[PDB]
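Right, one structure below, let's go through it.
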Amino acid sequence: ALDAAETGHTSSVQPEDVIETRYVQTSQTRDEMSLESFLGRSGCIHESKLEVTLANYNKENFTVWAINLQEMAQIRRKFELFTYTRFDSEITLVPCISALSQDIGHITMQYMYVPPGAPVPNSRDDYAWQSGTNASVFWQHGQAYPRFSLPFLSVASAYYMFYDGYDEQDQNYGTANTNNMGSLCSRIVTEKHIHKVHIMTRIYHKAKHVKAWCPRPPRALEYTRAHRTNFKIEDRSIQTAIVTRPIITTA
Amino acid sequence: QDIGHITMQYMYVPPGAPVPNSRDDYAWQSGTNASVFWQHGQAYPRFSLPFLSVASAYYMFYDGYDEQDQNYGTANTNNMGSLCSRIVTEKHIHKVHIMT
Amino acid sequence: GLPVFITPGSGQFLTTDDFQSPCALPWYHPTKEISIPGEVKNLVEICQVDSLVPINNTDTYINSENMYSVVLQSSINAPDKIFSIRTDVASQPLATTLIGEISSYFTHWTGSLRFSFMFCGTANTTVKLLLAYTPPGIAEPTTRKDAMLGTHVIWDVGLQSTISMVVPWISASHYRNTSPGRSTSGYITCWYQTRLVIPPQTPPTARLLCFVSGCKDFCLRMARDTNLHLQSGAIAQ
Amino acid sequence: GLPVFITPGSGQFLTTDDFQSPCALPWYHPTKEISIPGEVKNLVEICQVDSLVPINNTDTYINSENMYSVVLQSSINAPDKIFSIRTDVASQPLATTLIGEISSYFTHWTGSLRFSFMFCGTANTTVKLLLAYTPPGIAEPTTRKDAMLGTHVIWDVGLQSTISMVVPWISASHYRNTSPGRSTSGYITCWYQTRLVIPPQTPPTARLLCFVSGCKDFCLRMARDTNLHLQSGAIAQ
Amino acid sequence: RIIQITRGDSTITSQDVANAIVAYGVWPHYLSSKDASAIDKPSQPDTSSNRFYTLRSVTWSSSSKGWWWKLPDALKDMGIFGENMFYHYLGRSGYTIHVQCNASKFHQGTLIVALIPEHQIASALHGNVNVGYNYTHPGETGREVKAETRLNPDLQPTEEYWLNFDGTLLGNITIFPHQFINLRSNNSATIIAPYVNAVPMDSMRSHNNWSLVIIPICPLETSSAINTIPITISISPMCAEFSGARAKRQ
Amino acid sequence: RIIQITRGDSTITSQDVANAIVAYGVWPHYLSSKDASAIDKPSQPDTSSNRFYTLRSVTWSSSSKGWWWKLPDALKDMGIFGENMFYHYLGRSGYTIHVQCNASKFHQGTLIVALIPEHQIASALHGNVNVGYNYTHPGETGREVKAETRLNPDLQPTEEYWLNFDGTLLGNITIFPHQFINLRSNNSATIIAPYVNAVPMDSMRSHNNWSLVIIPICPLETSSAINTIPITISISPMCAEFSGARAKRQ
């Protein structure tokens with residue numbers, strides 16, 4: 001029952017030591033507690049909101065987003081739990097059309113994974129919508145939710161959840177160095193039409209076939225700056241998840 | 001005069017999940033909560049839900065309390081939490097009722 | 001084609017589904033898994049880690065190390081209470097421990113908890129102390145003898161640094177809910193079994209640090225997006 | 001993909017369907033079935049339970065125990081009728097029995113019914129009584145001898161408490177409909193086979209209680225949302 | 001039709017009774033290592049508490065309407081059983097019950113006795129109300145049923161016995177393990193039950209894991225000047241067990 | 001509770017210490033032909049650099065708040081190790097670390113030492129800011145934590161030690177391989193680690209592939225006039241390797 005916690009090792013391990021127990025079939029599975037469970041449930045990642053511009057329909061009606069797990073808190077906190085992690089990815093698209101007009105008609109929408117050094121589309125009419133080898137995929141009104149399996153991408157063994165330095169000329173400290181996945185993209189595929197509409201895609205992912213590397217403590221406070229671990233918010237104070245009580249002798 | 005395309009969310013909210021307060025609440029994100037979608041023209045959604053209870057079986061009745069003595073009977077034992085629903089399409093002109 | 005017909009539950013997306021899916025990136029191949037140290041398979045190994053309670057959760061200590069610590073008074077001839085806490089894994093302050101957060105990510109819990117305690121005072125100093133647990137349905141104790149009727153340990157503060165002990169699992173149900181609303185799991189409570197005795201002109205003071213972890217007994221169910229943390233608005237970048 | 005083509009009956013929901021379905025909650029595991037007493041597999045074991053008829057369904061008894069009971073008059077030198085009932089399982093009052101309700105949850109029934117009767121009067125008291133059944137297509141009897149032409153039992157009220165007897169299944173069809181509209185299954189009918197005799201200065205009265213259950217013969221089909229109970233509006237909470 | 005009964009230290013008989021049906025045929029037993037939740041080796045008072053104890057005299061008349069109890073609360077004061085219950089967060093026990101109800105050869109009337117599960121009693125009043133602890137837990141004092149003026153009525157249970165106090169029909173009550181005191185048939189009646197719950201053991205004082213009902217299905221009478229008879233009930237707990245020892249519960 | 005230590009040419013002891021947990025149990029080793037990325041046979045200085053080196057004296061008080069280092073940068077000046085690092089684009093090494101912290105039998109207070117991974121430090125200031133190289137790479141000079149006036153604050157890391165300088169709770173920090181200097185328990189503390197990265201070897205000067213933290217969890221005191229004690233740390237690199245030789249890095 002006595003130990004040296006200062007060893008770093010966990011303390012006196014055994015429950016039968018200080019209770020005169022009856023034998024019990026303690027027989028409760030840890031399988032929900034598995035990584036292929038806890039990481040392996042999907043969640044939303046990012047919010048591709050767009051307005052269909054009329055005045056230059058051909059120019060404006062596309063978006064691009066830098067791929068990261070760092071700007072929706074729940075998913076972020078799953079991964080902000082380790083040094084590194086590796087997984088294959090279910091990716092799932094929840095496209096939504098919102099009408100600013102009496103109807104929407106038929107609408108079709110493009111997505112593209114833009115790995116870095118693909119030519120980024122500049123225009124809803126850009127030749128970059130052609131995609132001989134880029135993973136590009138389509139959705140339209142009344143179609144089911146699109147999904148794809150994306151394998152583990154990194155040039156390294158695992159994604160950096162954190163990093164402790166720079167790209168070699170010393171800026172962008174941390175994940176903004178290592179985590180250059182490039183970007184997702186979206187664009188209306190139907191040609192110019194009269195209906196003023198917003199398209200919103202909620203994009204979801206689940207990590208499966210997962211592996212993870214050296215656990216690290218959970219985030220204590222609101223996020224702030226995607227790649228950066230910054231937490232001291234402007235004109236604000238560090239109101240953590242800990243809550244105070246009047247006296248330590250009162251539960 | 002029309003409905004257009006409409007999409008709708010459901011979530012099982014087990015107790016101590018953060019309950020959505022708003023149609024824009026971050027709680028619509030659902031990394032592990034069972035959340036599911038329907039939209040106009042889609043077939044009827046279904047899922048298999050396994051037997052849930054912390055005990056062997058659901059109490060159809062109960063003969064006492066949560067330990068400080070109110071809510072007599074099933075209102076003690078039968079805390080499954082809640083189902084939830086929410087329109088997923090963004091703001092649009094059609095006044096509509098959704099009934100599930 | 002084969003005659004087929006379609007069941008309900010088709011055409012939805014469920015964030016907690018389970019299926020095969022087609023590849024976005026066929027013919028690709030991942031980088032090899034080098035033997036990185038620090039393997040993991042489950043959350044329970046994190047549960048096995050002792051983490052400090054911020055036991056001393058008040059204004060005068062919160063913005064500092066000191067909320068992990070308590071101060072003892074060698075001046076006092078008394079049997080009386082040093083501190084007490086709940087035992088419900090997602091209650092304050094315990095929720096803020098890493099087992100707390102992992103439990104806060106979950107709805108059901110089971111199995112006994114390990115607790116541990118170091119006499120952080122001057123090496124020359126002696127005491128023996130009562131660490132005790134209260135089986136609930138009852139108020140938190142108000143005499144040392146009350147806690148002596150509970151399950152408890154008296155700490156022989158020998159050469160060895162730490163006493164470690166367990167709240168036995170005494171839930172009626174095999175699990176309990178991880179966060180209580182209008183509900184309770186019992187109390188930790190701490191008392192002067194002897195007075196604390198420093199030798200003369202030692203600092204008139206001592207420190208204690210307190211640890212918890214899951215025992216081999218411990219487990220969870222109903223992973224849920226945790227109580228413990230909030231996002232307001234957009235996360236900027 | 002495989003060439004497939006779609007039959008009608010696709011894309012509906014039927015509240016009485018039968019299929020596999022995908023999980024909302026994969027990797028979950030249920031609590032173990034401890035050996036709780038009071039197992040059940042079928043409704044027929046409930047049918048096997050004797051339950052009281054509220055035989056005496058009138059204003060003067062309904063809001064009380066007394067509608068389960070009948071009162072007998074030891075003062076009477078007569079052969080005459082004590083009571084009578086239908087035999088159609090979902091008819092009043094029989095429907096209100098638990099076999100009644102289970103039958104009311106169903107559209108078809110078959111097999112013979114058990115009926116049982118206790119002489120609840122003073123232990124010192126004697127009688128013998130006629131319990132009889134009427135095969136239908138005919139009026140409910142108006143003399144004891146009419147019932148004596150029906151299938152019947154004469155109760156030797158010995159030391160033993162209860163007479164028990166069966167309406168034989170004599171439906172033309174292997175089943176009958178559980179509720180008759182403009183239809184009939186036959187009658188139970190009850191008569192003074194002797195006069196009831198108390199010994200002197202006993203209470204000038206006696207009680208009888210009446211029971212029914214499914215025999216080993218009994219069965220049902222076409223489970224239907226029962227006649228017996230109504231919901232008006234929303235069920236508040 | 002004769003029996004003798006022996007539990008823990010104490011013994012019972014009737015020489016005019018028909019044997020108990022054992023509830024669901026399951027003779028009482030301790031928990032199993034295969035099914036248990038609690039970790040300790042639990043408290044077996046054995047003979048010192050799996051023994052009989054009995055309730056204060058009720059008495060009945062043609063005018064009487066019914067009586068019931070909820071267990072273990074009805075036995076909270078039964079020495080060893082009572083305190084061993086109050087000092088633990090959890091326990092479990094079955095019961096052997098016999099009801100004592102002799103009359104003369106010259107009486108008529110009948111009671112139904114039903115052992116009954118959670119028996120979740122309905123309120124007296126309508127609307128947004130529920131039963132208060134004092135009444136769900138009447139102790140050994142029990143709940144006789146009466147015509148009038150029970151205070152705090154909003155928190156009282158209903159008196160409606162023929163609706164089984166829950167809005168279910170009497171006479172179907174024979175769905176549970178049951179017997180009749182019928183003064184011709186017997187002079188006493190008996191029932192025995194194992195432990196039961198959705199859980200392998202339970203918070204004794206917080207939940208009446210069993211309940212017992214006795215109802216005047218047929219009115220008591222005799223011509224004799226002894227116009228009324230007492231009833232009393234004796235119970236032994238069975239395989240009684242307790243776990244999570246701490247202070248005495250309030 | 002006694003140890004002796006011997007690496008490359010140099011030796012260490014405490015006769016009041018409890019042994020290091022080896023980080024994740026993986027005793028340090030060279031790269032494998034099965035896992036490697038770099039093509040050359042790499043630089044093994046062996047004994048001449050897998051040997052101890054030690055940092056300038058810090059010293060602490062009841063008023064003190066914390067200290068940390070980032071590796072390999074904290075050792076850039078350790079002769080053979082330092083230059084062999086600076087002359088290669090890549091390398092890898094684990095570490096053996098011991099922290100030296102004796103007091104009298106008549107002192108109290110405690111430090112936690114945590115070995116920590118990429119430990120991606122948060123800015124001091126809010127908003128669109130990040131940490132500048134001079135501060136992420138403090139060299140052997142390290143980062144003690146102080147109350148006041150650190151210039152270029154927009155590029156400074158936060159001083160918020162109990163938020164682990166990254167917005168995570170202290171006390172959960174025991175998730176990493178760690179020890180306590182507790183003046184009763186020990187007079188010194190020790191930890192050893194293999195190499196680690198998402199990559200089989202790494203750009204040493206460009207990325208602190210490991211980091212080390214020491215925190216005054218409990219305030220230093222004694223009644224003696226010696227109101228303060230130094231701390232010092234010694235490190236040996238382990239299995240140290242370097243690849244892509246060219247000029248000295250600036």
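Here, A, B, ... name the chains of the structure tokens in the order displayed, residue numbers run from 1 inside each chain, and ligands are numbered from 1 in the same displayed order.
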Among chain B, which residues does DSSP mark as strand (DSSP E or B) when it is run on the backbone? Keep the chain and numbering as in the structure and answer as a ChimeraX atom specification. /B:7-13,35-39,48,64,66,70,82-87
Please provide as a VMD selection string all residues within 6 Å of residue 59 (chain E), with the sequence filter that same-chain residues fewer than 5 positions apart are discarded (counting only C-alpha atoms). chain E and resid 229 to 231
Residues within 9 Å of region 215-224 of chain A, only C-alpha atoms, excluding chain neighbours under 3 positions, as a PDB file with C-alpha atoms, in the first residue's frame:
ATOM      1  CA  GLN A  70      -7.581  22.286 -35.685  1.00  0.00           C
ATOM      2  CA  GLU A  71     -10.816  24.393 -35.947  1.00  0.00           C
ATOM      3  CA  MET A  72     -13.669  22.266 -34.543  1.00  0.00           C
ATOM      4  CA  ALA A  73     -13.061  21.680 -30.857  1.00  0.00           C
ATOM      5  CA  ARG A  77      -9.444  17.492 -28.707  1.00  0.00           C
ATOM      6  CA  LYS A  78      -9.498  13.852 -29.828  1.00  0.00           C
ATOM      7  CA  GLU A  80      -4.874  17.108 -29.246  1.00  0.00           C
ATOM      8  CA  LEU A  81      -4.310  14.129 -26.964  1.00  0.00           C
ATOM      9  CA  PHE A  82      -1.071  12.733 -28.497  1.00  0.00           C
ATOM     10  CA  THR A  83       2.266  13.603 -30.109  1.00  0.00           C
ATOM     11  CA  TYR A  84       1.328  11.948 -33.386  1.00  0.00           C
ATOM     12  CA  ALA A 212      -1.569   6.927 -31.947  1.00  0.00           C
ATOM     13  CA  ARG A 228      -0.910  27.501 -32.884  1.00  0.00           C
ATOM     14  CA  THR A 229      -1.533  26.402 -29.262  1.00  0.00           C
ATOM     15  CA  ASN A 230      -2.319  30.046 -28.308  1.00  0.00           C
ATOM     16  CA  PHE A 231      -4.969  30.377 -25.557  1.00  0.00           C
ATOM     17  CA  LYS A 232      -4.477  33.776 -23.873  1.00  0.00           C
ATOM     18  CA  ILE A 233      -7.374  35.487 -25.754  1.00  0.00           C
ATOM     19  CA  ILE A 238      -8.015  32.226 -18.348  1.00  0.00           C
ATOM     20  CA  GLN A 239     -11.351  30.803 -17.062  1.00  0.00           C
ATOM     21  CA  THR A 240     -10.449  27.057 -17.310  1.00  0.00           C
ATOM     22  CA  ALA A 241     -12.714  24.015 -16.827  1.00  0.00           C
ATOM     23  CA  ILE A 242     -11.762  23.998 -13.065  1.00  0.00           C
TER      24      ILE A 242
ATOM     25  CA  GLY C  38       4.791   5.342 -26.860  1.00  0.00           C
ATOM     26  CA  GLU C  39       2.334   2.851 -28.340  1.00  0.00           C
ATOM     27  CA  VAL C  40      -1.368   2.927 -27.277  1.00  0.00           C
ATOM     28  CA  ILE C  46      -4.304   6.754 -19.743  1.00  0.00           C
ATOM     29  CA  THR C  96     -10.280  18.143 -14.394  1.00  0.00           C
ATOM     30  CA  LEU C  98      -7.167  13.245 -17.011  1.00  0.00           C
ATOM     31  CA  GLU C 101     -11.745  14.204 -18.647  1.00  0.00           C
ATOM     32  CA  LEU C 228     -15.556  19.502 -19.770  1.00  0.00           C
ATOM     33  CA  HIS C 229     -14.740  21.925 -22.618  1.00  0.00           C
ATOM     34  CA  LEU C 230     -16.604  24.611 -24.592  1.00  0.00           C
ATOM     35  CA  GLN C 231     -16.100  26.266 -27.961  1.00  0.00           C
ATOM     36  CA  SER C 232     -17.804  29.640 -28.432  1.00  0.00           C
ATOM     37  CA  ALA C 234     -15.620  30.122 -34.795  1.00  0.00           C
ATOM     38  CA  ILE C 235     -12.126  28.846 -33.938  1.00  0.00           C
ATOM     39  CA  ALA C 236      -9.848  31.401 -35.637  1.00  0.00           C
ATOM     40  CA  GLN C 237      -6.614  30.369 -37.401  1.00  0.00           C
TER      41      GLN C 237
ATOM     42  CA  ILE F 116       7.889  16.208 -22.681  1.00  0.00           C
ATOM     43  CA  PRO F 117       7.515  15.840 -26.500  1.00  0.00           C
ATOM     44  CA  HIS F 126      -3.206  37.137 -27.876  1.00  0.00           C
ATOM     45  CA  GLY F 127      -4.145  37.121 -31.572  1.00  0.00           C
ATOM     46  CA  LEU F 163      -1.296  25.838 -18.017  1.00  0.00           C
ATOM     47  CA  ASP F 166       0.182  25.578 -24.002  1.00  0.00           C
ATOM     48  CA  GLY F 167      -3.315  25.766 -22.416  1.00  0.00           C
ATOM     49  CA  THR F 168      -3.331  22.240 -20.883  1.00  0.00           C
ATOM     50  CA  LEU F 169      -3.733  21.529 -17.165  1.00  0.00           C
ATOM     51  CA  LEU F 170      -0.691  20.830 -15.026  1.00  0.00           C
ATOM     52  CA  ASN F 172      -2.230  15.783 -15.688  1.00  0.00           C
ATOM     53  CA  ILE F 173       1.389  16.414 -16.862  1.00  0.00           C
ATOM     54  CA  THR F 174       2.240  13.017 -15.292  1.00  0.00           C
ATOM     55  CA  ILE F 175       0.846  11.610 -18.560  1.00  0.00           C
ATOM     56  CA  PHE F 176       4.454  11.970 -19.771  1.00  0.00           C
TER      57      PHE F 176
END
Excluding same-chain residues fewer than 3 positions from residue 146 (chain C), what lies within 10 Å of it counting only C-alpha atoms, as a PyMOL selection string? (chain C and resi 132+134+140-143+149-150) or (chain E and resi 246-247)
Using only C-alpha atoms, determine which residues lie at most 8 Å from residue 53 (chain D), disregarding the query and same-chain residues fewer than 6 positions distant; provide the list as number ranges by chain. D: 68, 93-94, 96-97, 210-212; E: 171
Writer output for current selection, C-alpha atoms, as a JSON list (two decimals), in the first residue's frame:
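selection_32.json, written as the output of this step:
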[["chain", "number", "residue", "atom", "x", "y", "z"],
["D", 68, "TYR", "CA", -65.88, -9.92, -8.70],
["D", 93, "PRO", "CA", -67.34, -8.73, -18.66],
["D", 94, "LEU", "CA", -64.84, -11.50, -19.71],
["D", 96, "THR", "CA", -61.71, -7.31, -18.59],
["D", 97, "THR", "CA", -60.01, -10.51, -17.38],
["D", 210, "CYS", "CA", -65.39, -17.07, -10.17],
["D", 211, "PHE", "CA", -62.19, -17.63, -12.12],
["D", 212, "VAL", "CA", -61.14, -18.29, -15.71],
["E", 171, "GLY", "CA", -58.90, -9.91, -9.99]]
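With only C-alpha atoms taken into account, the protein and nucleic acid residues at most 9 Å from residue 193 (chain F) (excluding it and anything under 5 positions from it in its own chain) are residues 22, 23, 24, 25, 26, 27, 28, 94, 95, 96, 97, 115, 177 and 238 of chain F.
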Would you export the selected residues with N, CA, C and O atoms as a PDB file, in the first residue's frame, please?
ATOM      1  N   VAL F  22      12.226   3.980 -17.479  1.00  0.00           N
ATOM      2  CA  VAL F  22      12.647   4.186 -18.868  1.00  0.00           C
ATOM      3  C   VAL F  22      11.425   4.653 -19.647  1.00  0.00           C
ATOM      4  O   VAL F  22      10.369   4.031 -19.537  1.00  0.00           O
ATOM      5  N   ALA F  23      11.529   5.720 -20.433  1.00  0.00           N
ATOM      6  CA  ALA F  23      10.386   6.238 -21.179  1.00  0.00           C
ATOM      7  C   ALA F  23       9.763   5.137 -22.046  1.00  0.00           C
ATOM      8  O   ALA F  23      10.432   4.532 -22.884  1.00  0.00           O
ATOM      9  N   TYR F  24       8.494   4.834 -21.793  1.00  0.00           N
ATOM     10  CA  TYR F  24       7.735   3.782 -22.481  1.00  0.00           C
ATOM     11  C   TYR F  24       8.408   2.399 -22.440  1.00  0.00           C
ATOM     12  O   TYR F  24       8.103   1.525 -23.247  1.00  0.00           O
ATOM     13  N   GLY F  25       9.357   2.197 -21.527  1.00  0.00           N
ATOM     14  CA  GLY F  25      10.161   0.985 -21.420  1.00  0.00           C
ATOM     15  C   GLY F  25      11.159   0.754 -22.560  1.00  0.00           C
ATOM     16  O   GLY F  25      11.836  -0.272 -22.551  1.00  0.00           O
ATOM     17  N   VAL F  26      11.284   1.647 -23.544  1.00  0.00           N
ATOM     18  CA  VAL F  26      12.166   1.402 -24.692  1.00  0.00           C
ATOM     19  C   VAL F  26      13.571   1.901 -24.406  1.00  0.00           C
ATOM     20  O   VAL F  26      13.852   3.096 -24.478  1.00  0.00           O
ATOM     21  N   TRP F  27      14.478   0.984 -24.095  1.00  0.00           N
ATOM     22  CA  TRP F  27      15.882   1.313 -23.858  1.00  0.00           C
ATOM     23  C   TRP F  27      16.496   1.891 -25.142  1.00  0.00           C
ATOM     24  O   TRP F  27      16.196   1.380 -26.220  1.00  0.00           O
ATOM     25  N   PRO F  28      17.311   2.951 -25.096  1.00  0.00           N
ATOM     26  CA  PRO F  28      17.734   3.635 -26.307  1.00  0.00           C
ATOM     27  C   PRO F  28      18.502   2.736 -27.271  1.00  0.00           C
ATOM     28  O   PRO F  28      19.218   1.833 -26.849  1.00  0.00           O
ATOM     29  N   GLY F  94      18.452   9.797 -28.446  1.00  0.00           N
ATOM     30  CA  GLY F  94      17.769   9.808 -27.154  1.00  0.00           C
ATOM     31  C   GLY F  94      18.603  10.525 -26.098  1.00  0.00           C
ATOM     32  O   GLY F  94      19.632  11.123 -26.396  1.00  0.00           O
ATOM     33  N   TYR F  95      18.210  10.407 -24.838  1.00  0.00           N
ATOM     34  CA  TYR F  95      18.913  11.064 -23.747  1.00  0.00           C
ATOM     35  C   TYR F  95      18.808  10.279 -22.436  1.00  0.00           C
ATOM     36  O   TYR F  95      17.763   9.712 -22.120  1.00  0.00           O
ATOM     37  N   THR F  96      19.843  10.332 -21.609  1.00  0.00           N
ATOM     38  CA  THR F  96      19.738  10.062 -20.169  1.00  0.00           C
ATOM     39  C   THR F  96      19.863  11.396 -19.461  1.00  0.00           C
ATOM     40  O   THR F  96      20.827  12.117 -19.712  1.00  0.00           O
ATOM     41  N   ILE F  97      18.932  11.727 -18.576  1.00  0.00           N
ATOM     42  CA  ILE F  97      18.915  12.986 -17.839  1.00  0.00           C
ATOM     43  C   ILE F  97      18.821  12.704 -16.351  1.00  0.00           C
ATOM     44  O   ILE F  97      17.979  11.937 -15.895  1.00  0.00           O
ATOM     45  N   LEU F 115       9.892  14.963 -18.611  1.00  0.00           N
ATOM     46  CA  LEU F 115      10.265  14.887 -20.011  1.00  0.00           C
ATOM     47  C   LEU F 115       8.993  15.133 -20.811  1.00  0.00           C
ATOM     48  O   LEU F 115       7.931  14.654 -20.431  1.00  0.00           O
ATOM     49  N   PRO F 177       6.386  10.539 -19.225  1.00  0.00           N
ATOM     50  CA  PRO F 177       7.430  10.081 -18.325  1.00  0.00           C
ATOM     51  C   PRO F 177       7.931  11.243 -17.458  1.00  0.00           C
ATOM     52  O   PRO F 177       8.248  12.322 -17.956  1.00  0.00           O
ATOM     53  N   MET F 238      22.067   9.755 -26.271  1.00  0.00           N
ATOM     54  CA  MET F 238      22.052   8.302 -26.441  1.00  0.00           C
ATOM     55  C   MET F 238      22.045   7.912 -27.906  1.00  0.00           C
ATOM     56  O   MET F 238      21.309   8.520 -28.684  1.00  0.00           O
TER      57      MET F 238
END
At a cut-off of 6 Å, list the chain B residues touching chain C, using only C-alpha atoms, as JSON, numbers by chain. {"B": [17, 32, 34, 35, 36, 37, 38, 44, 45, 46, 47, 54]}
Starting from chain C, keep only residues with some atom at most 6 Å from an atom of chain D, counting only C-alpha atoms, and report them as a VMD selection string. chain C and resid 1 to 6
